[PDB]
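Step one of this worksheet: look at the structure below.
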Amino acid sequence: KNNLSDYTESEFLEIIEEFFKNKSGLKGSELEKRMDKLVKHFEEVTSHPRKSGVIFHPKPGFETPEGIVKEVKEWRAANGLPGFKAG
Amino acid sequence: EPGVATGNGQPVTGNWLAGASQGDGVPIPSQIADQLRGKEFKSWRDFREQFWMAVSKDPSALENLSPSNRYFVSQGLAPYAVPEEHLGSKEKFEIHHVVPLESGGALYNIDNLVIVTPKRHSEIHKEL
């Protein structure tokens, strides 16, 4: 919740999948404000330099929820940052 | 304030959303205008939702969007621009009126609408 290390990889993947499907069932402005919250939360806990770019402008091969998670995992490992909860 | 959309837009195809980060924005594609022209909208929020949903039915736009941005526009949500075109916490592509209502542009005039990145929008404002 507060940090990335509070997430297991599966739990974090659950959030990322919401950027591809309507998990919440919300529509219109309410859906947008939820996705707004998820985006800024994503940027906050991952501390990734490309921010939401990881999700909305992914590198080739990393366009899927699995790829997004893997990009986060790889970047944080490369920067000596704590990874996901085990596991 | 409810209204009726008018305008023909402008006929260009390809990565039309690439022009959103340049100049004074990219005008609304004609094939997008076709889906909006002659329709009634209860509010601007209503029009904004319908606009992106129309973008979601356009192959020329879809092909140049990530799978994530494709889902968003399919839900009537504004797509996100590249990080390079962000402005702090402002990240979404934005619909903007070229001339404001008091100068005196029309609210639902498609020919008065352009798409801009948050970064380009600030640069436009500075040039005024």
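Naming works like this for the structure tokens: A, B, ... for the chains as they're shown, residue 1 at the start of each chain, ligands 1 onward in shown order.
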Practice problem: Give the residues of chain A that lie within 7 Å of chain B; count only C-alpha atoms, and format the answer as a list in words. | Solution: residues 19, 20, 21, 28, 32, 50, 51, 53, 55, 56, 57 and 63 of chain A
Quiz item: Could you write out, as JSON, numbers by chain, all the residues of chain B that DSSP marks as strand (DSSP E or B)?
Solution: {"B": [3, 4, 6, 10, 26, 27, 29, 40, 41, 80, 87, 90, 92, 94, 95, 96, 97, 109, 113, 114, 115, 116]}
Go ahead and save the picked residues with N, CA and C atoms, as a short mmCIF file (atom, residue, chain, number, x, y, z; two decimals), in the first residue's frame.
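And here is the file that came out, again_3.cif:
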```
data_model
loop_
_atom_site.label_atom_id
_atom_site.label_comp_id
_atom_site.auth_asym_id
_atom_site.auth_seq_id
_atom_site.Cartn_x
_atom_site.Cartn_y
_atom_site.Cartn_z
N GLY B 3 -25.33 21.48 -25.73
CA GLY B 3 -25.12 22.05 -27.05
C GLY B 3 -25.10 21.03 -28.17
N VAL B 4 -24.80 21.50 -29.38
CA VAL B 4 -24.74 20.64 -30.56
C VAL B 4 -23.42 20.82 -31.30
N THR B 6 -20.64 20.98 -34.13
CA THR B 6 -20.57 21.34 -35.54
C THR B 6 -19.12 21.30 -36.00
N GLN B 10 -10.36 18.35 -39.98
CA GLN B 10 -9.35 18.44 -41.03
C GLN B 10 -8.81 17.06 -41.40
N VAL B 26 -2.81 19.75 -32.77
CA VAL B 26 -3.33 19.08 -33.96
C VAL B 26 -4.84 19.20 -34.02
N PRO B 27 -5.37 19.66 -35.16
CA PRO B 27 -6.82 19.76 -35.34
C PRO B 27 -7.50 18.39 -35.29
N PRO B 29 -9.31 15.25 -36.49
CA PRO B 29 -9.43 14.53 -37.76
C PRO B 29 -10.87 14.49 -38.25
N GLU B 40 -25.82 15.81 -30.05
CA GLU B 40 -26.03 16.71 -28.93
C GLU B 40 -25.30 16.22 -27.68
N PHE B 41 -24.75 17.16 -26.92
CA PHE B 41 -24.01 16.82 -25.72
C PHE B 41 -24.53 17.62 -24.53
N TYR B 80 -2.72 9.16 -22.18
CA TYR B 80 -1.57 9.83 -21.57
C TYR B 80 -0.47 10.09 -22.60
N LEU B 87 3.70 17.92 -17.78
CA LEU B 87 3.90 19.19 -17.09
C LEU B 87 3.58 19.00 -15.61
N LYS B 90 0.43 16.99 -14.67
CA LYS B 90 -0.41 17.01 -15.87
C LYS B 90 0.22 16.12 -16.93
N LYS B 92 -2.08 14.01 -19.34
CA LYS B 92 -3.04 13.57 -20.35
C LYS B 92 -3.06 14.48 -21.57
N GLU B 94 -4.94 16.78 -24.05
CA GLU B 94 -6.00 17.70 -23.66
C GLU B 94 -6.73 18.28 -24.87
N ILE B 95 -8.05 18.34 -24.77
CA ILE B 95 -8.85 19.07 -25.75
C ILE B 95 -8.89 20.54 -25.36
N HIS B 96 -8.55 21.41 -26.30
CA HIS B 96 -8.55 22.84 -26.03
C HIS B 96 -9.19 23.63 -27.16
N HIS B 97 -9.90 24.68 -26.78
CA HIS B 97 -10.47 25.61 -27.74
C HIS B 97 -9.40 26.59 -28.18
N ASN B 109 -17.73 23.64 -31.27
CA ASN B 109 -17.24 23.76 -32.63
C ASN B 109 -15.96 22.96 -32.82
N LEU B 113 -11.40 23.21 -32.09
CA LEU B 113 -10.74 22.31 -31.15
C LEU B 113 -9.42 21.77 -31.68
N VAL B 114 -8.44 21.67 -30.79
CA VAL B 114 -7.16 21.03 -31.09
C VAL B 114 -6.73 20.15 -29.93
N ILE B 115 -5.90 19.16 -30.21
CA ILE B 115 -5.33 18.32 -29.16
C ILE B 115 -3.90 18.75 -28.88
N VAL B 116 -3.58 18.96 -27.60
CA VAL B 116 -2.23 19.37 -27.21
C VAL B 116 -1.73 18.57 -26.02
#
```
Quiz prompt | alpha helix (DSSP H) residues, from DSSP on the backbone, in chain A, as a VMD selection string | solution = chain A and resid 9 to 16 28 to 46 53 to 56 65 to 78
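If you look at CA of residue 58 (chain A) and CA of residue 26 (chain A), they are 25.0 Å away from each other.
As for CA of residue 117 (chain B) and CA of residue 23 (chain B), they are spaced 10.7 Å apart.
The space between CA of residue 42 (chain A) and CA of residue 62 (chain A) spans 16.0 Å.
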Practice problem: Just the residues within 10 Å of residue 49 (chain A), please, counting only C-alpha atoms, with nothing from its chain fewer than 5 positions along; format it as a ChimeraX atom specification. | Solution: /A:43,54,75 /B:83
Residues near residue 8 (chain B), anyone? I mean within 12 Å using only C-alpha atoms, not counting same-chain ones fewer than 6 positions away, as a short mmCIF file (atom, residue, chain, number, x, y, z; two decimals) with C-alpha atoms, in the first residue's frame.
```cif
data_model
loop_
_atom_site.label_atom_id
_atom_site.label_comp_id
_atom_site.auth_asym_id
_atom_site.auth_seq_id
_atom_site.Cartn_x
_atom_site.Cartn_y
_atom_site.Cartn_z
CA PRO B 27 -6.82 19.76 -35.34
CA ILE B 28 -9.56 17.15 -34.97
CA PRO B 29 -9.43 14.53 -37.76
CA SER B 30 -12.39 14.55 -40.14
CA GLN B 31 -13.22 10.90 -39.42
CA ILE B 32 -13.44 11.82 -35.74
CA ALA B 33 -15.57 14.86 -36.56
CA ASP B 34 -17.89 12.57 -38.53
CA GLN B 35 -18.82 10.75 -35.32
CA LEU B 36 -19.46 13.92 -33.35
CA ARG B 37 -20.99 16.34 -35.88
CA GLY B 38 -24.76 16.70 -35.59
CA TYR B 108 -18.83 22.51 -29.42
CA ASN B 109 -17.24 23.76 -32.63
CA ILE B 110 -14.97 20.90 -33.72
CA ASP B 111 -13.09 23.29 -36.03
CA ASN B 112 -12.26 25.32 -32.91
CA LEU B 113 -10.74 22.31 -31.15
#
```
